[PDB]
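Just the one chain here, laid out as structure tokens, in the form deposited in one PDB entry.
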């Protein structure tokens, strides 16, 4: 039987630590955790399992707590200085050709209503709408336009704000 990421036979002289998620054992050194540092913690999640958890954060059901975060994030975006061009839908008259090229329009007010209506069931759906705002802008406007730059700035801000969301 093999253990750890290194897939090696058990060595009675080495320090091992067990993952509470998968129930497997790993060499403290292979997973990067001091023997003492482990004495403090009460639960352990190995690299493989942790990676799976990070990847599923966007797929799991959104909780009430998650929704408090969605409102918090959405509001920080709406208050951002570079967000003025995305607060409301594009008026058909302001740009008649807009709805001809942009197949999936989106804006912050629509997302606000969706959040209020509990329309989102997975974080991924919320991230998808936000990404749509930026992608539509970059598609419709030239790379040298302040509009295009506002999208660049806002998405960078957004990505950071999502770190450690849930």
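In this text, rigid core is short for the largest set of C-alphas that superpose within 1.5 Å between two forms. Positions refer to the first chain, counted from 1.
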property	result
38-46 versus 133-141 - greater average Cα B-factor per the deposited record	38-46
Mean Cα B-factor comparison, 61-69 or 108-116, giving the higher one as deposited	61-69
Where the record places residue 55 (Cα B-factor, split into thirds across the chain)	middle
Chain thirds of CA B-factor: placement of residue 74	middle
Third of the chain's Cα B-factor distribution that residue 122 belongs to, per the entry	lowest
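Just so you know, the form deposited in another entry exists too; it's not on screen, but the next bit is about it.
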{"property": "Sole member of 33, 115, 106, 123 with a C-alpha shift of at least 2 Å between the shown form and the other one (core-superposed)", "result": "33"}
{"property": "Residue 144: Cα shift of 2 Å or greater between the shown form and the other one (core-aligned)", "result": "no"}
